[PDB]
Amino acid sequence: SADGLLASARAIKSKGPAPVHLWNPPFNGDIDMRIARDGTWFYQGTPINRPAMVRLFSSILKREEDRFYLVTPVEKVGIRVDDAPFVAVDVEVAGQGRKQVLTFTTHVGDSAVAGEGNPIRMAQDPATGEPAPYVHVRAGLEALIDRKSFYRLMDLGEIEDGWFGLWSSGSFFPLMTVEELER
């Protein structure tokens, strides 16, 4: 129907994240694309080991309600996202204590400064029931924070009014109860 993976990638050009909320093209169907929980894109069930192309398609990700699309000015297609569209693979701290700022980098190279504009959210693992936290990157597209980055964040956490969590950019993001941290 009737332009494929590589052809579609050749039609896109991006210097960066596209202003997809300017665009409301008609829906052309769902494609067999799935962003796995670990950030891997699958096409027709086969992974794409191709970070350039993953960055290119990621530039045109758009969230509507709870679903995800790839959107250009002329076309919109639905994709499947298992969990978050991105994985946060790095976190950088600056400053100290309650004044600290956390800058995250995602697996496609985007940067998100944690704070009110890009909040950190606590969720639990569907599977484990263990804490799985996210950070907002843009326009409702969130990054799941990976193990390596999570464990470094534990060491930069703080307690305020019953909750263990993270200060970034002057705002406090609860992650779990004190009770929970103590377990």
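Residue indices: 1-based, along the sequence shown.
- Just going by the entry, 32-40 versus 124-132 on mean CA temperature factor gives the higher value to 124-132.
- Remark: stretch with higher mean C-alpha B factor among 134-142 and 147-155 is 147-155.
- When the Cα B-factors of 165, 170, 19, 16 are read from the PDB record, 16 comes out highest.
- The PDB entry assigns residue 114 a C-alpha temperature factor belonging to the middle third of its chain's modelled residues.
- Ranked within its chain, residue 62 lands in the lowest third, by CA B factor from the PDB record.
- Residue 72: CA B factor lies in the middle third for its chain, per the PDB record.
- The PDB entry assigns residue 181 a C-alpha temperature factor belonging to the highest third of its chain's modelled residues.
- Among the modelled residues of its chain, residue 106 has a C-alpha B-factor that falls in the middle third according to the deposited record.
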